[PDB]
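Quick note: the coordinates plus some simple rules give every number you see, no bench work behind them. Here the Cβ is made from the backbone with ideal geometry for all residues, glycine too, and neighbour counts use every protein chain on show.
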Amino acid sequence: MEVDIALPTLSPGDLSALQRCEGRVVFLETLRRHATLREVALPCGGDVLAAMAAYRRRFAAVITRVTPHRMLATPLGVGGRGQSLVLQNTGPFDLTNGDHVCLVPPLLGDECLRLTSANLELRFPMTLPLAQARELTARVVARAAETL
Amino acid sequence: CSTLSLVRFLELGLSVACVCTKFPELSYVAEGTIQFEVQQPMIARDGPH
């Protein structure tokens, strides 16, 4: 089960940068085999809580092979508990061995991928250890509760 | 004397509507059927569908 993400014609100066994305996860709405890239899209920063809630309704998928034609991605978890794979560490902290990981939306809206070839940006989240994702979620929910 | 005008079904127009069959054992049959099978064509599609 490997999903297929097709691409439009992009600039040769941007496939060289998108190809460097081989371990960041995307968030699809459905799990049909063939799929487009326009569907998986996210605006720039804003309302970290909204995205955090959206990270429960949609299920993740790790990408492993890029081609200027299509993109092969792996449905992360729906039915498998042993699919040993690799994903890059785009988190601020440093993760040792035997650490359960967690996807958290990026902060400040500073780090995104403005793709001008088709006018759409993809905000790949960051991967943190559980112990610090818990404190981050706690701080944000406390601050949200503070404002009545 | 008015002779009858013999008409046969094979010479009419409606012959081309139905195929007929001399089946002498018809009164012997229970519920009888016919069977069909068709295959609808399909067109390829360039689609993420």
Would you mind calculating the relative contact order of segment A:1-101 from Cα pairs under 8 angstrom and at least 6 residues apart, reporting the percent as a whole number? 38
Between the helical axis of A:48-57 and the dominant principal axis of chain A, each derived from Cα atoms, what acute angle in degrees is found, rounded to the nearest 10? 60
Per the rule of 0.36 nm per residue minus the C-alpha distance, extending A:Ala6 to A:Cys21 adds in nm 3.9 nm
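Exposure proxy check: B:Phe23, B:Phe36 ranked by fewest other beta carbons within 10 Å? Each step should come with its number before you reach the end.
Working: B:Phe23 9, B:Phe36 4.
Going from least to most buried by this count: B:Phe36, B:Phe23.
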If A:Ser11, A:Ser16, A:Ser117 are placed from fewest to most neighbouring beta carbons inside 10 Å, the sequence is A:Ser16, A:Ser11, A:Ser117
Label point 7 Å beyond Cα of A:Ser117 along Cβ direction - residues of segment A:55-93 with amide nitrogen under 18 Å: A:63-73
Can you tell me the Rg and Dmax of segment A:10-148, counting just the alpha carbons, in angstroms? 15.8, 50
So A:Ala138 and A:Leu107, fully extended at 0.36 nm per residue minus their Cα-Cα distance, gain in nm 9.7 nm
What is the distance in Å between the Cα centroid of chain B and that of segment A:118-136? 69
Folded to 0 to 90 degrees: helix A:130-146 orientation relative to chain A principal axis, Cα: 70
Which whole number gives the average count of other chain Cβ atoms within 10 Å of the Cβ atoms across peptide A:25-34? 1
Computed [θ] at 222 nm, deg cm²/dmol, chain A (DSSP H ≥ 4; -39,500 (n - 2.57); rounded to nearest 500): -7000 deg cm²/dmol
Cα principal axis extents for chain B, largest first, Å: 83, 31, 11
Applying the gyration tensor rule to the Cα atoms of segment A:72-148 (axes a ≥ b ≥ c; rounded if a/c under 1.5, else prolate if a/b exceeds b/c, else oblate), the class is oblate
